[PDB]
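Everything on this sheet refers to the single structure shown next.
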Amino acid sequence: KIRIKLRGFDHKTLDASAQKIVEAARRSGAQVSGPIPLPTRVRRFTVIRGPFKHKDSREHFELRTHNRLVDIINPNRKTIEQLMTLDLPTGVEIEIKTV
Amino acid sequence: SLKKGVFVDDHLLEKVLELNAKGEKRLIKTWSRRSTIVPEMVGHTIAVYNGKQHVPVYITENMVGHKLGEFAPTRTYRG
Amino acid sequence: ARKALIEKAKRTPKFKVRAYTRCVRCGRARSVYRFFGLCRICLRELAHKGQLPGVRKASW
Amino acid sequence: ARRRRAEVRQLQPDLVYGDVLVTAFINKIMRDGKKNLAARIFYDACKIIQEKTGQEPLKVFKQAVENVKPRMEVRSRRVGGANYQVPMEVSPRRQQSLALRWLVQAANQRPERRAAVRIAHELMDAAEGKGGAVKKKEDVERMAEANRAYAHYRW
Amino acid sequence: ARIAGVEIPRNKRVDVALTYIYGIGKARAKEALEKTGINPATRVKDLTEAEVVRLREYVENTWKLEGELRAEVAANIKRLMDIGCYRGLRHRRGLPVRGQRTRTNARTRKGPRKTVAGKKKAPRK
Amino acid sequence: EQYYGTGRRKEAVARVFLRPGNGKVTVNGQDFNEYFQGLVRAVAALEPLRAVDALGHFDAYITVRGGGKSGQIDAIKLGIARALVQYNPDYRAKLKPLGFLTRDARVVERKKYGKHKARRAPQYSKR
RNA sequence: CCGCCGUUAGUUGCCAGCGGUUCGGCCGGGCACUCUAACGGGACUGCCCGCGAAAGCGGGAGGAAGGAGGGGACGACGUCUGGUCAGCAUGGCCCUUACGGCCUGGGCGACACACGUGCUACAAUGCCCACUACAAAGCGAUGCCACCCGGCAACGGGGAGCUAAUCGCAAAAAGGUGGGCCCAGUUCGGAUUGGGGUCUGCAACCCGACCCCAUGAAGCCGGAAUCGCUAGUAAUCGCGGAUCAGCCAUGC
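Chains as they are written, first to last, in the deposited numbering: chain AJ, 3 to 101; chain AS, 4 to 82; chain AN, 2 to 61; chain AG, 2 to 156; chain AM, 2 to 126; chain AI, 2 to 128.
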């Protein structure tokens, strides 16, 4: 009965954490519907390199935003406990809802 | 061209309401060459601004009620 | 005159139609991506010099 | 071009009669993308043309093609200043290619109403030798043997 | 078989041939040809004077055309050039009214571009 | 019994179901001759059927999607060719130099930032 | 980035196989398939026929893929002492009871003209109507803005959802089905000109975009020249987005 939304940047860091969710949740909770991926939404933008005003010299940059999604069945004590005490994003962010 | 209710200028309002109540001078200067034309002034020499100086013009009849600054030339040299 | 233009639309002046953005680390409103309030060249200096999470030199 | 002799390249094997001539023609008529609009025009054509006569479309078509097949052309040549017109025997690839495209030119001229009739009329007249593009072809042949002098001075 | 201002189109779809005409486009056309009868398809070589007459009875007995529409505009313009509003000013000086771009363009209301002398091109290279 | 087949071409993916039967096709909701009444590449997409003359052996229900109708159609072709291979690899062997299992390299490729349509620059002045 | 295969996971989706079924996955049910994606694999002229002192060239098998796979990002030692102090920083030089602060008003929108670069046509491979298919890509709870009431609509009233694979922006278009035009400035075309308005915004005079009644200009394919480009490329086709209150955005 639990829904959780995950918005992270760096793929490698996020995925290992997104793994750490479902993995350790398969322990402290029962079955964890594995991270059904949501398309890497991207804030697209464009700019130039030289200040001496030309109509040339341009590069494209992407705000690459990774989405990950988690579903859980009927929860437990341990789940709440240990999976509310720790998290090490040092970056990435996590936002959850119990619909 | 404003759906309902037209747009004008209330400084000229306060001046004109006590200007009509008498019909005093011929000096209805305006450093506000914006407001649409409003016939409720019996048409006196709007000594309006010209971007550069206070250039006048009389308001009479046919001008049903159309904007101001288009009568203050402001543009120099003709062609 | 440059000091005024920045203090002008800083302390809220009248109608909404007079709210130009600003690269706060250079000082300009032109082509300032109003998501951050960073001009072209300066968004580029900050992004280039690495001080930005998830900012990627696109390879697509 | 320079280092390269370029290459050939396949023609869309006609999805009605399975020949390369057909699609080359089709692609000539094919404008601004829509290959099937113009192709439909030429197949409608072929049906009309094969109503008018007592023989199959590829027959009349090929006979017209032969009524073209421009065997000789005329290019440009340097002579330290002056211009030469080099009359050279083509590689049949360009023969048939601009045979189809000049066919298409003759069709460009044709004042007919709908396109189908233009193309049709063209294939008939050509197949007999009374065709615009065919006439043109023999005229450019006249160009080839008018500078018969230049046939001994090539680039 | 006439209407007003010696105007007769002759053999064509009616309303179209009518839209050919000054002071009235497709809208007014359909309007009349849908308030006072007549089907659009019918070509005119098969007509009858009745509906012709009463069509012309919706034409002039209602609005205005030709001789007026030009005269009205003319009066309005005489007003735009009575006090000399910027509009009428530019009516005189030979330019459009929008006040947009005339720096290089504006040859839809004042003849061909008679080149001054180019004013001599500098080293633009 | 379940001859499934895949077929991808030009921003479209064809989920081609081939079942045994009549060699008649009803695509995505409309008949083969009715859905595809416009481009003759329709029957061309049935080339594998005509390749082994199996336009009568094996029924079909199709779920091709994406791109434009044409790309969809060609993708379906790839699909039909791929359905028989899975259930009869004697058929892929006789269909390789025919060009049935070799794919593309196309899209309306990424736009250039110096030219209109990649190959289309601003015209050049000089002066 | 995209093309194939696989492991890895299904409130995207799916009768693929069953059921409810208002015969719309609409709902139980599943997640095989689609996609979405973390990570890998996979192809090197490895091999075969041949030629060559070799480099390697021609054919062939194989295979999702060939013998740089279709594209990127990357731009050397140094030049042109090109250029940007008005994007910035910054040295030097100059203004200071102002070259500064404040502001109202006008001005970069002006015009007898040269040119570039963009748009929209001069029709019958084409325009108008209904009819109905098949894209991706994105922005959106200081916002995106639907569904009903209105109206010709722009656009407004009630306002519904959407922190968003689940709601929305949003409707693709060429096409093609049925008809109508008939080679004529031609129902080709839409500049210009008048009057009716709605939105946005304090407010659209010099200075807006759009729905509408009226004209329907110039143009029936273009001198001397010059221009792009080898394939999903010319061409054609539509859109999102970004700066941005709205808005001249055909630009990019």
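Cβ atoms here follow ideal geometry from the backbone N, Cα and C, with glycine treated the same way.
- Residues of the region 25 to 40 of chain AG with a C-beta atom less than 7 Å from some C-beta of chain AI are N37, listed in chain order.
- Inclusion of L79 (chain AI) and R9 (chain AI) in the CB contact set at 9 Å is warranted, their separation being smaller than that value.
- Taken atom to atom, the span from the alpha-carbon of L101 (chain AG) to that of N84 (chain AG) is near 29 Å.
- For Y151 (chain AG), the three-state secondary structure derived from DSSP is helix.
- Within the region 5 to 20 of chain AG, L16 and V17 place their CB atoms closer than 8 Å to a CB of chain AI, listed in sequence order.
- Under the three-state reduction of DSSP, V91 (chain AG) is assigned to coil, being neither helix nor strand.
- Here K95 (chain AI) carries a coil assignment [DSSP, helix/strand/coil].
- Under the Cβ distance rule, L96 (chain AI) does not count among the residues neighbouring chain AG, no pair being separated by less than 9 Å.
- The C-beta distance from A76 (chain AI) to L19 (chain AI) rounds to 14 Å, too long to meet the 8 Å contact threshold.
- Within the region 15 to 56 of chain AM, the runs of alpha helix (DSSP H) at least 4 residues long that lie entirely inside it are, in chain order, 15 to 20 and 27 to 36.
- Counting along the chain, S77 (chain AG) sits inside no alpha helix (DSSP H); it lies in the beta strand (DSSP E) bounded by residues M73 to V80.
- Where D105 (chain AI) is concerned, there is no enclosing alpha helix (DSSP H), because DSSP gives it neither an H nor an E.
- Close CB contacts of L99 (chain AG) within its chain, under the 8 Å cut and outside five residues either way in sequence, are with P71 (chain order).
- Under the three-pair Cβ rule at 8 Å, the region 30 to 39 of chain AS counts as touching the region 66 to 77 of chain AS.
- Residues of chain AM with a Cβ closer than 8 Å to the Cβ of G82 (chain AS) are, in chain order, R94.
- Chain AJ places no beta carbon closer than 9 Å to that of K50 (chain AN), leaving this residue out of the contacts.
- DSSP places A118 (chain AM) in the coil class of the three-state scheme, outside both helix and strand.
- Where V86 (chain AI) is concerned, the enclosing alpha helix (DSSP H) starts and stops at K70 to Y88.
- One thing to note: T27 (chain AI) has its Cβ no nearer than 9 Å to the Cβ of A15 (chain AI).
- DSSP places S35 (chain AJ) within a strand segment (E or B) once states are collapsed to three.
- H13 (chain AJ) sits in a helix when the DSSP states are folded into three classes.
- Residues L81 and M82 of the same chain have their beta carbon placed closer than 6 Å to that of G89 (chain AM), with the five preceding and five following residues left out of the count.
- For the pair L16 (chain AG) and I49 (chain AG), the Cα-to-Cα distance works out to about 19 Å.
- Identification of chain AG residues near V41 (chain AI) by a Cβ-Cβ cut-off of 9 Å yields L16, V17, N37, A40, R41 and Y44, ordered along the chain.
- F47, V49, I50, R51, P53, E61, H62, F63, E64, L65, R66 and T67: these are the residues of the region 47 to 78 of chain AJ whose beta carbon lies less than 8 Å from some beta carbon of chain AN, given in chain order.
- Residue pairing of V28 (chain AI) in beta bridges, as defined by DSSP: AI:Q31 and AI:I63.
- Check the Cα spacing between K3 (chain AJ) and each of AJ:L40, AJ:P91, AJ:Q33 and AJ:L65: the tightest is with AJ:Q33.
- Across the structure, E95 (chain AJ) and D12 (chain AJ) are spaced so that their CA atoms are roughly 11 Å apart.
- Between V108 (chain AI) and chain AG, the shortest Cβ-Cβ separation is not below 9 Å.
- Under the three-pair Cβ rule at 8 Å, the region 27 to 41 of chain AJ counts as touching the region 72 to 88 of chain AJ.
- Under the 8 Å Cβ criterion, the region 10 to 29 of chain AS counts as touching the region 41 to 52 of chain AS, having at least three qualifying pairs.
- Between the region 34 to 44 of chain AI and the region 103 to 117 of chain AM there are fewer than three C-beta pairs closer than 8 Å, too few to call the two in contact.
- For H57 (chain AS), no alpha helix (DSSP H) encloses it, and the DSSP letter there is neither H nor E.
- Cβ neighbours of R41 (chain AG) within its own chain (closer than 8 Å, five residues either side excluded): none.
- Look at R41 (chain AN): its C-beta is under 9 Å from a C-beta on chain AJ.
- In the structure shown, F62 (chain AG) falls within a helical segment according to DSSP collapsed to helix, strand and coil.
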